[PDB]
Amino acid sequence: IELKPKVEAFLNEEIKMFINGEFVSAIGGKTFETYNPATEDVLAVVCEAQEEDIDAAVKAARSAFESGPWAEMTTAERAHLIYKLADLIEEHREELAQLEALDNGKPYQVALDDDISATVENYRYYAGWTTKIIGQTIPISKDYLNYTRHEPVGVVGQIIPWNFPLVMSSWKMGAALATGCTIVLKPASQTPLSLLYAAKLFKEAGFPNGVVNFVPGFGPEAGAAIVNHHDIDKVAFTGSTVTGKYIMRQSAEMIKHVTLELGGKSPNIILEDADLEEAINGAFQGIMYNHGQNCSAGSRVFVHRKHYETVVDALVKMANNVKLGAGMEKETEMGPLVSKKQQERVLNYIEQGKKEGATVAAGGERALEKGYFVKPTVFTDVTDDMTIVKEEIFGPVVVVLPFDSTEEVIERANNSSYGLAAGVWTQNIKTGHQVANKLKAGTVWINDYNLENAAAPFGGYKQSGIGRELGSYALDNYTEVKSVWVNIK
């Protein structure tokens, strides 16, 4: 797939940060390389945000929050900006899909059909909420007017991971912007480009200077500078547990509100009365979608004893059938993992799996001559206490586990520190809702898997997170509630 002219021009120059409505270099001039994970080549050279750059972005966001058009605009004017931003992203859909394929590694056609569509729709959806963020009037006494206001919290720092780089930026920014906050946001070092391209479109849509500030760089410097900044009012992070925990401990010092979206080890449960054809397809897609680089991937596939060997046989064939290649080549179904480090991590987990006694029924090694490719992998002969069953692998790797009763699968499914999502396959109306009610996860799909939409909340129970993104629910993260009492005698 030949590069669009605007992608070629963008990549032909150093990639600048976006602060206070301007494209700028890091103050101290540092740069870093992002790669193409299919070729291992340097894809661009990007300006590297340091602490002093974050502090500049924070002042920019503070000023835009406190005075100027953003602080003065009506809600309808604010909605219109977000709507225009969505339209612009849709206009640049092929450019942005190419950058995602190039920079992240995923198939261009998927980045275009799924990731760009979702980002557009998320911004459309949240433009909608700007004029509808309502407080209460509260009837207490004839002597007072009691009302609440849902005020924006102020300057928000946001950090996102590399698996759905553009989409993830929209999960953070659509709700935050809709409330009237301003933003200092950091993309992942592996994937800065789609966001920094999208910056052009915030400027074009007419966002006032400093409303949005994009600071690409590395967790331990740019990331930690966001986490530790005294003038950031609220933090939101999606990423590592270790980083999640760190963020929470640091935010303690300022009594700062945190939203976290972390990992999972989500179960996808095939009951005796499932439509087995459709469940097999849901189980396969459930783990293999986005190369398994998906926090809510259905990495534990629980299968009723009667169907266990049927599903294993089908999963093995489908895994071997997947077409691996560069995301910018048209026949590719599954691209490489994002980095050498991730490839080595996923291959390490496969070795640990075999070491602990499990059997690789398909895959279980690297693929192709170069690039960070891993073959789709199916593990079988697996038990609940194995490392590969307990821990999030974050690649195209599924464990398949038989079970004999519904009480049992619920227990086993819930016996996890994680609780991001779950799938249940059954044609029975009672069993579907009953099993859904008892699973400890933020999202349950009945007879489907991996569905997300702007309108429906997503987040973790237990150690898969604190709080919800998407829906009306996301808005509450970026608001402070003021209770006003007017003595009316």
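The numbering used is simple: start at 1 and walk along the sequence shown.
- According to the PDB record, 251-259 carries the higher mean C-alpha B-factor of the two stretches 251-259 and 108-116.
- Stretches compared: 68-76, 160-168. Higher mean C-alpha B-factor in the entry: 68-76.
- Of the candidates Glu90, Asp233, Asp103, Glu329, the one whose C-alpha carries the top B factor in the deposited record is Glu329.
- Residue set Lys245, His150, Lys132, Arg300: peak C-alpha B-factor at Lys245 (per PDB entry).
- In this PDB entry, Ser464 carries a Cα temperature factor that places it within the middle third of its chain's modelled residues.
- Ranked by C-alpha B-factor against the other modelled residues of its chain, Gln352 falls in the highest third.
- Residue-level temperature factors show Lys203 in the highest third of its chain, judged at the C-alpha atom.
- In the PDB entry, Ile429 places in the middle third of its chain by CA B-factor.
- Annotation for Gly442: CA B-factor lies in the lowest third of the chain's modelled residues.
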